[PDB]
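Form deposited in one PDB entry, single chain, as structure tokens, below.
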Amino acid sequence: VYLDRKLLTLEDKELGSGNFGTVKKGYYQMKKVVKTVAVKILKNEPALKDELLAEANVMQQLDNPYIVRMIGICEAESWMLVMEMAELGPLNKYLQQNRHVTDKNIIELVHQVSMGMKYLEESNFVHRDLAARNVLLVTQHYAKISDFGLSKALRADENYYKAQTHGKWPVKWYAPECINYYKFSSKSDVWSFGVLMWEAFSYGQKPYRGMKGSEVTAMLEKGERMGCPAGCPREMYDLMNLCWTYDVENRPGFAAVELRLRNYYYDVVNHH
């Protein structure tokens, strides 16, 4: 969807940045209402342009309440990817600044991410960058998945994407089959989801603190896993460990993961 630059008003202040460029807040004149938007603007000082168009192409095919919606793209001063705004920002930064969010509220948010991911798995897309920094909050009780720059639409005849090259990769969120065989499936996004849960219950702390990527691989190969975060319910730590199943075949899919979270969340809703 090609947008009209005259209908977009960008605020000068940056909200953040990545290798791509910056994220800025703006407003888009819709059919009637004005919609607040988050705009990804390329640095471009053609790989980044191709990558932004491929990201746009993925987001255009997705339609789920727990996935960030793309409004469209615009070619002006630079290439821009216009999305609905998630005002409260990334989940890791939010939890670092709001250390009193309850365990019930964290389960609600991670269950919303599992719903978005169950839908992505059903749609045969692999995220490949599923981490708390890429979970954006619309409200303190409404999370959405974003950042589809590494995402891939699976071929009709395969359950995984085989990467040709390898880097720069967020290794700490990657399953052993991604590191060892360059194979990315919805099951490897399940492994990432386990790391995301650990981050959420650790109030946005970095996983595998003080370790190099190679030491993380060595740790996992020995069957070792990160410990239970302080105050994290045993059932949630158990689910993290299940996500962290070394053998992809035995690892659950997002249908099993979302069902476990849903049932635990209803149990919690009952106790409260």
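Residues carry their position along the shown sequence, with the first being 1.
There is another form of the same protein, the form deposited with a partner chain bound; it is not shown, and what comes next is about it.
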Just to confirm, with a 4.5 Å cut-off on non-hydrogen atoms, which of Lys162, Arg99, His166, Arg155 contacts the partner chain in the entry with it bound? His166
Identify, from the list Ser186, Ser114, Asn134, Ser192, the residue with a heavy atom within 4.5 Å of the partner chain in the entry with it bound. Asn134
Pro65: heavy atom within 4.5 Å of the partner chain in the entry with it bound? no
4.5 Å heavy atom contact, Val171 and the partner chain in the entry with it bound: yes
In the entry with it bound, does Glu177 have a heavy atom within 4.5 Å of the partner chain? no
Using heavy atoms and a 4.5 Å limit, would one call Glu121 a contact residue for the partner chain in the entry with it bound? no
